[PDB]
Amino acid sequence: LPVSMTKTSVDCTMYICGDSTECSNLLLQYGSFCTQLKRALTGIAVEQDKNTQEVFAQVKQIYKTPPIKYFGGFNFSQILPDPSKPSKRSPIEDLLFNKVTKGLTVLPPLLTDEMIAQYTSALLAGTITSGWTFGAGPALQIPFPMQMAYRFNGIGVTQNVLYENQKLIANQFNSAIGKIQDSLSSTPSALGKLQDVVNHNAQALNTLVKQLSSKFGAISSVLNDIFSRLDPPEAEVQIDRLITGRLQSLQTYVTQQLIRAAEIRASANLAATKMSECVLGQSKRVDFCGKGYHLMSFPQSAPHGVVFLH
Amino acid sequence: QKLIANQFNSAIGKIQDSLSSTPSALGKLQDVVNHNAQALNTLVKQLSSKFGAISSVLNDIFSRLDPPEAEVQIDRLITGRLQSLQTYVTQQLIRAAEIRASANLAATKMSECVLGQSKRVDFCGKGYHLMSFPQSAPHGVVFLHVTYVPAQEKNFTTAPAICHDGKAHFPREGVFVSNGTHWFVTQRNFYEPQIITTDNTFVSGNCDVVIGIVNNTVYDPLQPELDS
Amino acid sequence: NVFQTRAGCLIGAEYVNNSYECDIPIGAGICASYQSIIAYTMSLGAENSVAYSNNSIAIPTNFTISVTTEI
Ligand SMILES: *[C@@H]1O[C@H](CO)[C@@H](O[C@@H]2O[C@H](CO)[C@@H](O)[C@H](O)[C@H]2NC(C)=O)[C@H](O)[C@H]1NC(C)=O
Ligand SMILES: *[C@@H]1O[C@H](CO)[C@@H](O[C@@H]2O[C@H](CO)[C@@H](O)[C@H](O)[C@H]2NC(C)=O)[C@H](O)[C@H]1NC(C)=O
Ligand SMILES: *[C@@H]1O[C@H](CO)[C@@H](O[C@@H]2O[C@H](CO)[C@@H](O)[C@H](O)[C@H]2NC(C)=O)[C@H](O)[C@H]1NC(C)=O
Ligand SMILES: *[C@@H]1O[C@H](CO)[C@@H](O[C@@H]2O[C@H](CO)[C@@H](O)[C@H](O)[C@H]2NC(C)=O)[C@H](O)[C@H]1NC(C)=O
Ligand SMILES: *[C@@H]1O[C@H](CO)[C@@H](O)[C@H](O)[C@H]1NC(C)=O
């Protein structure tokens, strides 16, 4: 699920006129289009940080996994943080990170990837060591086999079914998580959504930049050419034409960014709901947290998004 | 009953005081109002732009210039103002879509938290949901989510099952806990120990397969009746 | 009073090794606050460790009725 876009900013004066000061003098005749565009882009930028804040910062305690990693035969090494890595990322998180690749700036996000990884590690430790109790109050520790027995009891299967087949269930879970690692590694189109987000932002910026080399009906694309090769009285007309064309281009870019931001916000709200209802508890809603009767989910951070293991 | 009533009353009073004592509590509704006012103000301020014409007043353009070029100047002003008004309408449509999404969420919250009890986690407030109470606000709604929060936990020793007479007993709805010497069964969300009997436990197989099973006796309610 | 961040150069604020909740977000994990003006790395939350073991359970012995708002 995508969560946030790239925070971008525009300098209206530098984009429209470059560094010709009399062009800026003429641009003052247009009023507050530049202020409008700056305001809209700033709103989008703060909305992205709000999206990440809503999705990931759901616990105010940074829980730590115990030093001994025995959980009744279940093997969480593929999703728990790896101290060997300098970035302290789990193998799945590391694979996800590797697999996703003029007046215009790209602002950095407020939360660094290390902080997002630390949130995901806290959520994993809380859901492994305390079940769903940490999402509804103080964290109450419970042995993992007993938690998984509770979760079978939640889907209409009695506890003895788990307690008599604990080894088989542990083996199936470990094999399944290994298969997840292999499948996510071998297939490139699995992460299509985040890559599409990145590609859309990059191509929008590229087209906006390429729009600077359009004549827009005037005789030249260079302001100083208009100045030198033409006398002022209709050089003003040419400058007005170029300015209004570039302003239209920037308006189009901002409008498309607003629509895409609305879509990304919808996706981020969905991701926050999925976290709250599948990770911090067990969901009875059909097909909301995977195909089958849901038991638990595990969050994994990805570039510009989040990955759930249902 | 009395303790729960007292806690509820104190919580309601605290909600009133917290709303009175925090300025940015209604920031979302204030943002709606501010966004609308600012958009209208920008639209009316934009009316004083020349858009490359000799003046921003139509009467001056008409009373100063010959119509053959007065029409060019008027075309400039008209197209600029029309573009600004289009921009206003487009941003209004986008904001309307956002408010539509928020209103759909509010309707869902009403139907699921106010008209019933919701099992969805964190949908109707933090904690286990008991009930919600709606309150009207300017351009919005305010929900008072009454929720149940556990407190004052205590460590115990637990076992998955009890082996008795070569049989394995499992709790019906509770969990096996030990205070150090004796074993009880209590429900999960509130410590209430009880004697382990055959009424609150069910048998399944022998005690050779379960890992962590412990030895204990299981009282039979029917034995003393026949002992007399 | 010159500090170098991933976002850029911040001039006029003191960097402190302490950590607080974010007040004025700067970017790349740096926040600013007025306590003069100080810059710091935001604190994700209060650290906590839960005593996991395979034969220990924690059961609540009381409860609290809580009321929250949502606008
Ligand atoms: C838990 O899973 C991990 C990963 O599958 C296991 O680590 C493997 O250990 C064997 C031998 O110890 C190595 O040959 C493999 O290369 C390891 N895997 C990786 C990805 O490095 C681990 O043995 C499993 N069990 C426990 C108790 O940790
Ligand atoms: C564990 O619980 C048992 C059952 O209540 C306790 O045994 C009773 O304890 C009370 C007071 O502690 C005495 O008045 C009773 O006479 C005891 N009855 C029996 C049959 O022993 C036991 O003391 C508890 N253990 C701990 C460490 O609290
Ligand atoms: C629970 O009870 C069973 C049966 O009384 C115990 O099983 C006996 O264990 C002893 C000691 O190892 C053996 O010498 C006997 O042969 C076992 N008998 C049977 C029928 O299996 C069991 O040990 C008890 N649980 C614990 C933890 O001691
Ligand atoms: C459960 O918690 C409540 C408070 O949430 C306790 O009630 C308090 O009890 C003390 C001593 O009896 C009184 O001084 C307080 O005024 C009570 N508070 C309220 C709000 O009534 C209660 O005693 C606790 N129960 C247990 C078993 O720990
Ligand atoms: C509990 O965990 C320890 C290691 O942390 C292990 O040696 C021990 O056997 C476990 N106990 C049970 C009953 O599984």
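Here chain B follows Swiss-Prot for its numbers: 920-1147, in order, are the residues you see.
Note that Cβ sites are derived from N, Cα and C of the backbone, with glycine treated the same way.
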| remark: Among B:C1043, B:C1126, Swiss-Prot lists the disulphide partner of B:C1082 as B:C1126
| query | Using C-alpha atoms, which one of the recorded positions B:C1082, B:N1098, B:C1126 comes nearest to B:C1032 (disulfide bond)? | reply | B:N1098
| Members of the recorded positions set B:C1032, B:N1074, B:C1082, B:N1098, B:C1126, B:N1134 whose C-beta sits under 8 angstroms from chain C | B:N1074
| Nearest to B:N1074 (N-linked glycosylation site) by Cα distance: which of the recorded positions B:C1043, B:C1082, B:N1098, B:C1126 is it? | B:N1098
| task | Within 10 Å of the Cβ of B:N1098 (N-linked glycosylation site), how many other Cβ atoms can you find? Include all protein chains, please. | result | 11
| For B:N1134 (N-linked glycosylation site), which of these recorded positions sit within 10 Å, Cα to Cα: B:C1043, B:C1082, B:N1098? | B:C1082
| query | Among the recorded positions B:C1032, B:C1043, B:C1082, B:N1098, B:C1126, which have a Cβ atom lying under 6 Å from any atom of ligand 2? | reply | B:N1098
| said: Counting across all protein chains present, how many other Cβ atoms fall within 10 Å of the Cβ of B:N1074 (N-linked glycosylation site)? | reply: 13
| remark: Listed in sequence order, the recorded positions from B:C1032, B:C1043, B:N1074, B:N1098, B:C1126, B:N1134 whose CB sits under 6 Å from ligand 3 are B:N1134
| message | Please identify which of B:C1043, B:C1082, B:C1126 has the densest Cβ environment, defined as other Cβ atoms within 10 Å, among these disulfide-bonded residues. | response | B:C1043
